[PDB]
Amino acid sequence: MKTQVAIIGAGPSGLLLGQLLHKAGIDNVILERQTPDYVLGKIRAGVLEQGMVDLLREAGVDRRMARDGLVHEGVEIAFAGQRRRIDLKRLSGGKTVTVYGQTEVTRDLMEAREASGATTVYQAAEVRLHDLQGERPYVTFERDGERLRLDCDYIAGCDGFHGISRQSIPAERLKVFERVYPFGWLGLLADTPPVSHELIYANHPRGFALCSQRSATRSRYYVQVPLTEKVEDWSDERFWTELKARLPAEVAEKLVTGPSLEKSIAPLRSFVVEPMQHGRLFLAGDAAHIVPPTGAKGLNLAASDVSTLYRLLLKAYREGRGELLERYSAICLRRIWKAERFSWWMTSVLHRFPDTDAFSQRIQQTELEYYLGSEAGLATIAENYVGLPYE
């Protein structure tokens, strides 16, 4: 078989890129290692930037989102017995964020692809990439025990952190910047009304806590936990008791608890690779970089990488301007480093780090007080939170 753009991974990055390209008349094939169900089992993201919201509209897959998504104009940070609200809308110049689960976004895209008739091969095992520097790269894989070959012009590695893509670039050609945090986030999804109409990020001595949501009758809560914790050691009961202990009393008493639909621990890490391409292979999303979930930037950076790659592929095909693709990494890396810096800051001011001296704790507290009390400080948080402009 042959196609124009081969896409590895049917997560949100691959599906979004695939939908935009298909709509523009550029044929693409998506190869996914798992089943549709496995992909749909991941909860993950809840917060979307305006840029991603507009990109979903452009790919023509925003109906259900426009209907069920919740537009948020502010967020709240609780620390030292205070609850400060950041008016995102006012401080960012009118921008807001949208709460719509990653599971929903993925399901919408999967249905849009299914209807369009574009090629998607699930359970594509043993994917291997070949002749990345040639004019005719190709992908081989196994489906039903038989190894097939797929010829293409370009390959988009949208296979996440553990994908085959990044591993296929000669190690010596990439420079990795990584930071692993000494804690993870224990998340819990419950079919209960959220405790607030807006999100609440809490810095508490016992550790970080976050009150989020998916809809009016579905909530998503998180609490910082050491990397040594096992999810099986956290009953719903223990989770609720601990969450309550980390929130403002008035917030804790309004909390409606209930049995979990999902519970899991996500370890935190920062990771960037430079460059993000090699010959005819272009990395996008988690395949290229990881941000701690604190700043809600992961899926959002995937969106901007995808928007950038899509627009460069359009010029290559439609206008024969293939040279432009050389600029992919430079363009993406500028936005990536700024979102990484913001996610890093958010993570450092809201979490409890092991072995912190008295001076560091006071500075951490002072960072919150300064930034949440200054009009200029608030603006730096808001403009970064809503998402910096696409280049």
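Residue indices: 1-based, along the sequence shown.
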Practice prompt. Could you check which stretch, 175 to 183 or 300 to 308, carries the larger mean CA temperature factor in the entry?
Written response: 175 to 183
Practice prompt. Quick one: say whether 34 to 42 or 338 to 346 has the higher mean Cα B-factor in the deposited entry.
Written response: 34 to 42
Worksheet item: According to the deposited entry, which of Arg147, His130, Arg280, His289 has the largest Cα B-factor?
Response: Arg147
Fill in: Top Cα B factor in the deposited entry, candidates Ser329, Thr356, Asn28, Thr366
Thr356
Worksheet item: Would the CA B-factor of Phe271 place it in the lowest, middle or highest third of its chain?
Response: lowest
Item to complete: Please rank the C-alpha B-factors of the chain's modelled residues and tell me whether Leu372 sits in the lowest, middle or highest third.
Response: highest
Response to the item:
Temperature factor at the Cα of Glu142, chain-ranked in thirds, falls in the highest
Worksheet item: Among the modelled residues of its chain, does the C-alpha B-factor of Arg362 lie in the lowest, middle or highest third?
Response: lowest
Practice prompt. Classify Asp153 as lowest, middle or highest third according to the C-alpha B-factor given in the PDB entry, relative to its own chain.
Written response: lowest
